[PDB]
Amino acid sequence: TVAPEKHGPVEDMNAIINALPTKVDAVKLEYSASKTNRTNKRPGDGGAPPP
Amino acid sequence: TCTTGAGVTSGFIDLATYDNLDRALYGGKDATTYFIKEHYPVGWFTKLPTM
């Protein structure tokens, strides 16, 4: 005659879910590193000026 | 990701690892860095053996 109430499991959530931002900081650092240009846009140049 | 691939991105986890101890030891605007050697001039001289 009443709507059943559903909640979380018996075990606490935090022990399983945990919290450690090392992965996301690693991703952000990798993205910031890749933001700078790493390829060459002057092929067949020889960018050494004459002495 | 890639397991057998020789990737440099594995060190980004170590880069992201940063706590209060790491902040106390490394880091800082005035902190010196390696891979850059300060150069200073020296005197002009010569040497030779003599009887």
# chains A, B, ... in the order shown; residues from 1 in each chain; ligands from 1

$ closest_atom_pairs --of "chain B" --to "range 8-29 of chain A" --cutoff "7 Å" --atoms "only C-alpha atoms" --output "JSON lines"
{"residue": "B:12", "atom": "CA", "partner": "A:26", "partner_atom": "CA", "distance": 5.2}
{"residue": "B:13", "atom": "CA", "partner": "A:26", "partner_atom": "CA", "distance": 5.1}
{"residue": "B:16", "atom": "CA", "partner": "A:26", "partner_atom": "CA", "distance": 5.0}
{"residue": "B:17", "atom": "CA", "partner": "A:22", "partner_atom": "CA", "distance": 6.3}

$ atom_distance --atom1 "CA of residue 20 in chain B" --atom2 "CA of residue 36 in chain A"
28.5 Å

$ atom_distance --atom1 "CA of residue 6 in chain B" --atom2 "CA of residue 34 in chain A"
17.1 Å

$ select_by_dssp --residues "chain A" --states "helix (DSSP H, G or I)" --output "PyMOL selection string"
chain A and resi 13-17+22-35

$ atom_distance --atom1 "CA of residue 11 in chain B" --atom2 "CA of residue 40 in chain A"
24.2 Å

$ closest_residue --among "B:31, B:36, B:15, B:25" --to "chain A" --atoms "only C-alpha atoms"
B:15
